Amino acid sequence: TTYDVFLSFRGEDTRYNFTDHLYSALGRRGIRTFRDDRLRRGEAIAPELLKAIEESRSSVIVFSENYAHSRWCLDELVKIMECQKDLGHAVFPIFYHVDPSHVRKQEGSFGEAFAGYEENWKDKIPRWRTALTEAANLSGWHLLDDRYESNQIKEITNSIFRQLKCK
């Protein structure tokens, strides 16, 4: 493998702030992290991203309000969960100012997302919901905005350090 962690996130929500601080915190701890910063286009997710997932020991998912509003994010998650079943791929979900149960049940913003998918992407929805529901039933961290964010990140990155580095 190439990376200790693959960072899956919604750029529109958290690219330049939370996920960047998280990315940087991971590196300071010697946790090699892939955080996509390339310009990308096309309807289908980039092969380079699917490969990076496969070459990562684990993924960190930054679930944010509009994460499911991105098809690339969802496809990402389907791939990540495949690696979870088939490889030894560890998965650490972060619920960033979103109710974990909304992700599990696709309610709230996540529900609005899938509503938009009904007419043109109906066949991919099943694998998407399943991957979404599976990831969200894993033990992760529910983060609120009422707390010091660097302490939230330190807690997250220490727990990942313990699981990936201490062996």
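Start at 1 with the first residue shown and count on from there.
Undergrad: Please compare 139-147 with 152-160 and name the stretch with the higher mean C-alpha B-factor in the deposited structure.
TA: For C-alpha atoms only, the mean B-factor is higher in 139-147.
Undergrad: Out of 102-110 and 28-36, which stretch has the higher average CA B-factor listed in the record?
TA: Per the deposited B-factors, the answer is 102-110.
Undergrad: Which third, lowest, middle or highest, does the C-alpha temperature factor of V91 belong to within its own chain?
TA: Middle third.
Undergrad: Classify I53 as lowest, middle or highest third according to the C-alpha B-factor given in the PDB entry, relative to its own chain.
TA: According to the entry, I53 has a C-alpha B-factor in the chain's middle third.
Undergrad: What third of the chain does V62 rank in for C-alpha temperature factor, lowest, middle or highest?
TA: Lowest third - that is where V62 ends up once the chain's C-alpha B-factors are sorted.
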